[PDB]
Every structure is written in structure tokens, then in C-alpha cells.
>>> print(open('final-v4.cif').read())   # mmCIF, C-alpha atoms
data_entry
#
loop_
_atom_site.label_atom_id
_atom_site.label_comp_id
_atom_site.auth_asym_id
_atom_site.auth_seq_id
_atom_site.Cartn_x
_atom_site.Cartn_y
_atom_site.Cartn_z
CA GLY A 21 149.56 154.94 168.55
CA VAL A 22 152.68 157.25 168.38
CA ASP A 23 156.10 157.37 170.16
CA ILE A 24 158.87 159.95 170.79
CA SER A 25 161.57 158.52 173.23
CA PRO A 26 163.87 155.47 172.09
CA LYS A 27 164.51 157.64 168.88
CA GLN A 28 164.67 161.48 169.64
CA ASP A 29 164.57 161.25 173.61
CA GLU A 30 161.15 163.03 174.45
CA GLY A 31 160.06 160.52 177.26
CA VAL A 32 156.74 158.92 175.89
CA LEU A 33 154.64 156.20 174.07
CA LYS A 34 150.83 157.30 173.61
CA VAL A 35 148.56 154.23 172.84
CA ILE A 36 145.29 154.75 170.77
CA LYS A 37 142.34 152.75 172.30
CA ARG A 38 139.23 154.93 171.47
CA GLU A 39 140.35 156.99 168.24
CA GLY A 40 138.44 160.30 167.48
CA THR A 41 134.80 161.53 166.91
CA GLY A 42 134.37 165.39 166.51
CA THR A 43 136.60 167.84 164.55
CA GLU A 44 140.45 167.65 164.97
CA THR A 45 143.36 167.68 167.56
CA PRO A 46 144.15 170.75 169.92
CA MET A 47 146.84 173.58 169.66
CA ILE A 48 149.60 175.05 172.03
CA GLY A 49 147.81 177.31 174.64
CA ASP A 50 144.29 175.56 174.29
CA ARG A 51 141.71 175.09 177.18
CA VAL A 52 140.99 171.25 177.47
CA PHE A 53 138.43 169.12 179.57
CA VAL A 54 139.94 165.63 180.44
CA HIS A 55 139.20 162.55 182.65
CA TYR A 56 142.30 160.60 184.05
CA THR A 57 143.33 157.28 185.75
CA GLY A 58 147.09 156.90 186.77
CA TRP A 59 149.60 154.31 188.05
CA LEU A 60 153.33 154.03 189.03
CA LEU A 61 155.59 151.45 187.21
CA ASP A 62 155.13 148.77 190.01
CA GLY A 63 151.24 148.63 189.17
CA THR A 64 150.12 150.96 192.04
CA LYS A 65 147.13 153.30 191.26
CA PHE A 66 147.98 156.81 192.92
CA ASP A 67 144.86 158.59 191.32
CA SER A 68 141.54 157.90 189.54
CA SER A 69 139.26 160.98 188.84
CA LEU A 70 136.48 158.51 187.59
CA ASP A 71 136.12 157.08 191.23
CA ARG A 72 136.54 160.51 193.12
CA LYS A 73 133.27 161.95 191.42
CA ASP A 74 134.69 165.10 189.59
CA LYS A 75 136.79 165.39 186.38
CA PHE A 76 140.28 166.88 185.43
CA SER A 77 140.88 170.12 183.27
CA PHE A 78 143.96 172.23 182.28
CA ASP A 79 145.28 174.69 179.53
CA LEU A 80 147.97 173.14 177.10
CA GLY A 81 151.44 174.62 178.25
CA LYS A 82 149.85 177.49 180.38
CA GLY A 83 149.47 176.62 184.18
CA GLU A 84 150.88 173.25 183.46
CA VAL A 85 150.53 169.64 184.15
CA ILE A 86 153.30 167.27 183.02
CA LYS A 87 155.22 167.38 179.69
CA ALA A 88 153.93 163.80 178.89
CA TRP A 89 150.34 165.30 179.09
CA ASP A 90 151.22 168.38 176.87
CA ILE A 91 152.80 165.98 174.20
CA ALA A 92 149.95 163.33 174.30
CA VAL A 93 147.02 165.96 174.54
CA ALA A 94 148.53 167.93 171.48
CA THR A 95 148.18 164.58 169.43
CA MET A 96 144.54 163.62 170.77
CA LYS A 97 141.02 164.01 169.02
CA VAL A 98 137.66 165.53 170.28
CA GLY A 99 135.60 162.99 172.47
CA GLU A 100 137.71 159.72 172.53
CA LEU A 101 140.70 158.16 174.58
CA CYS A 102 144.41 157.08 174.88
CA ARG A 103 146.82 155.46 177.48
CA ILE A 104 150.02 157.42 178.26
CA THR A 105 153.29 155.39 179.01
CA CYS A 106 155.93 158.04 180.10
CA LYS A 107 159.54 158.47 181.43
CA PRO A 108 160.33 160.76 184.60
CA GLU A 109 161.96 163.48 182.29
CA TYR A 110 158.43 164.40 181.04
CA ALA A 111 156.88 163.99 184.63
CA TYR A 112 158.08 163.89 188.44
CA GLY A 113 161.90 162.98 187.72
CA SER A 114 163.44 166.44 188.68
CA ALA A 115 162.07 166.50 192.36
CA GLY A 116 159.43 163.64 193.03
CA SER A 117 155.68 163.88 193.95
CA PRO A 118 155.49 164.88 197.81
CA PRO A 119 153.36 161.87 199.36
CA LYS A 120 155.00 158.76 197.55
CA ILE A 121 157.19 159.35 194.30
CA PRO A 122 161.15 159.78 194.27
CA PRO A 123 163.39 161.31 191.32
CA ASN A 124 163.60 157.95 189.27
CA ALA A 125 160.14 156.05 189.04
CA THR A 126 158.38 155.62 185.55
CA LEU A 127 154.54 156.45 185.09
CA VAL A 128 151.30 155.25 183.45
CA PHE A 129 148.11 157.54 182.83
CA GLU A 130 144.85 156.46 180.96
CA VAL A 131 143.40 159.84 179.88
CA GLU A 132 140.03 160.63 178.18
CA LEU A 133 139.46 163.99 176.33
CA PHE A 134 135.89 165.37 175.76
CA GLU A 135 136.20 168.94 174.24
CA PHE A 136 138.82 171.81 173.93
CA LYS A 137 138.58 174.66 171.27
CA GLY A 138 136.81 174.07 167.73
#
>>> encode(input="final-v4.cif", output="C-alpha cells")
Amino acid sequence: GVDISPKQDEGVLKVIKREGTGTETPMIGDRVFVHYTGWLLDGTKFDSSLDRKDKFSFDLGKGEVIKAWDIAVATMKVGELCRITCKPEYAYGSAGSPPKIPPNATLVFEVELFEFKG
């Protein structure tokens, strides 16, 4: 249930809901297989991979997602889940997401992690 923003200024609060089950947390440059739901700060759901049919998957600091996902995935264990509460510095704040988001709108992502490296 960690935080790195109203202290050092790294844009995020990651809530533990479903802890851990396998063997450890991932490393910088790791291949990871996730499942996400996500909302804007007004309570508006822009995406939900669970409803669309397929899953989400990335490589920690390689192609790249958002900095709030690289911070929260680095601190997450094999198989379980967490809800991300992040500032625009770690997400769309520099330019905005093309169909609906501008340079100053806070975010919310509930992300599950199944497997990564060991």
C-alpha cells in the first residue's frame, strides 16, 4: 500500500487489494502480462480490457506505457492485484491523450499482474 508523491514528488499512491502468490516482484527491463481497468478523476471509465475480451502486456521501461505503471509494476507480486492513483507528471500531463484527455487531468487504473520473469 505504498506512496511516492506528497513527500519526494514521483506522482503516485499504489493500493494493495489482492497481495502476492508466486515468487517475488519484477526488475527494470522485464516482460510482464497484465489486465487493466482505468478512469479519469471525474469518475469516467476510458478503458476496461476485462470487457473488451483480450488482455494488456508490456516490457518494464522498454517500449513504454506510463511512468505510474513502471513505478507500480516494479513494486507488484506474481499473480495478484493493486489500484493505481496517479498524477499527470507520471501519465498524459505533457501533451494529453488524443480522443478526450488535456495536459492537467488526474488518473485512476486498477491493474492485475499474472506472470513476468522468475
>>> closest_residue(input="final-v4.cif", among="A:112, A:61, A:67, A:51", to="residue 83 of chain A", atoms="all atoms listed in the file")
A:51
>>> resolve_selection(input="final-v4.cif", expression="the PyMOL selection byres ((chain A and resi 35) around 9)", output="number ranges by chain")
A: 21-23, 33-34, 36-37, 101-105
>>> closest_residue(input="final-v4.cif", among="A:106, A:121, A:85, A:80", to="residue 49 of chain A", atoms="all atoms listed in the file")
A:80
>>> residues_around(input="final-v4.cif", residues="residue 114 of chain A", least_positions_apart="5", cutoff="8 Å", atoms="all atoms listed in the file", output="PyMOL selection string")
chain A and resi 108-109+123
>>> closest_residue(input="final-v4.cif", among="A:111, A:48, A:86, A:98", to="residue 124 of chain A", atoms="all atoms listed in the file")
A:111
>>> atom_distance(input="final-v4.cif", atom1="atom CA of residue 73 of chain A", atom2="atom CA of residue 55 of chain A")
10.6 Å
>>> atom_distance(input="final-v4.cif", atom1="atom CA of residue 120 of chain A", atom2="atom CA of residue 96 of chain A")
29.2 Å
>>> atom_distance(input="final-v4.cif", atom1="atom CA of residue 92 of chain A", atom2="atom CA of residue 39 of chain A")
13.0 Å
>>> closest_residue(input="final-v4.cif", among="A:30, A:44, A:62, A:50", to="residue 125 of chain A", atoms="all atoms listed in the file")
A:62
>>> residues_around(input="final-v4.cif", residues="residue 75 of chain A", least_positions_apart="5", cutoff="9 Å", atoms="only C-alpha atoms", output="JSON, numbers by chain")
{"A": [53, 54, 55, 56, 69, 70]}
>>> closest_residue(input="final-v4.cif", among="A:58, A:131, A:29, A:138", to="residue 77 of chain A", atoms="only C-alpha atoms")
A:131
>>> residues_around(input="final-v4.cif", residues="residue 59 of chain A", least_positions_apart="5", cutoff="8 Å", atoms="all atoms listed in the file", output="number ranges by chain")
A: 64-67, 127-129
>>> write_last_selection(input="final-v4.cif", atoms="C-alpha atoms", output="PDB file, keeping the file's coordinate frame")
ATOM      1  CA  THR A  64     150.120 150.960 192.040  1.00  0.00           C
ATOM      2  CA  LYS A  65     147.130 153.300 191.260  1.00  0.00           C
ATOM      3  CA  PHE A  66     147.980 156.810 192.920  1.00  0.00           C
ATOM      4  CA  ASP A  67     144.860 158.590 191.320  1.00  0.00           C
ATOM      5  CA  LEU A 127     154.540 156.450 185.090  1.00  0.00           C
ATOM      6  CA  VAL A 128     151.300 155.250 183.450  1.00  0.00           C
ATOM      7  CA  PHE A 129     148.110 157.540 182.830  1.00  0.00           C
TER       8      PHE A 129
END
